[PDB]
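Before any questions on binding or motion, here is one chain by itself as structure tokens, the form deposited in one PDB entry.
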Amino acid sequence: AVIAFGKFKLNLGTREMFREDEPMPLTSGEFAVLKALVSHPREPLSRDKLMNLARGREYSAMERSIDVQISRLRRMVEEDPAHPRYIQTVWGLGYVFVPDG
């Protein structure tokens, strides 16, 4: 798709940008953030959201690493890691430490 604004045209598919139909040299970090913003018109996007959308590779890898730590901590700490007592999950909200209290 092609988004126009002001004197600019942005082609989401090929990553070409034009200032009144002369090409502008876009960085790939510039393109990914701009694409996220104009794909979500009038919708404010926080930095965390832009990181998810525009640096998805690194972001996801950080997400999977969290799961590996959790899985390793359960292996070390829990009597049954499939039914952990201290390092638990509440679906939809996150991981949680549940004290003896």
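Residues carry their position along the shown sequence, with the first being 1. For the two forms, the rigid core is made up of the largest set of C-alpha atoms that agree within 1.5 Å on superposition. Residues that one form lacks are left out of the comparison.
In what follows, reference is made to the form deposited in another entry, a form of this protein that is not presented.
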| property | result |
| --- | --- |
| Answer among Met51, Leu26, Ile70, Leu45 for the CA shift between this form and the one not shown that reaches 2 Å or more, rigid core superposed | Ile70 |
| Is_shifted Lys9 between this form and the one not shown (CA, 2 Å cut-off, rigid core) | no |
| Direction of Cα pair change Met51-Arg57 in the other entry, magnitude 3 angstroms or more | closer |
| Closer or farther in the other entry, the Cα atoms of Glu58 and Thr14, when the shift from this form is 3 Å or more | farther |
| Taking the rigid core as reference, consecutive runs of 3 or more residues that move 2 angstroms or more in Cα between this form and the one not shown | 57-101 |
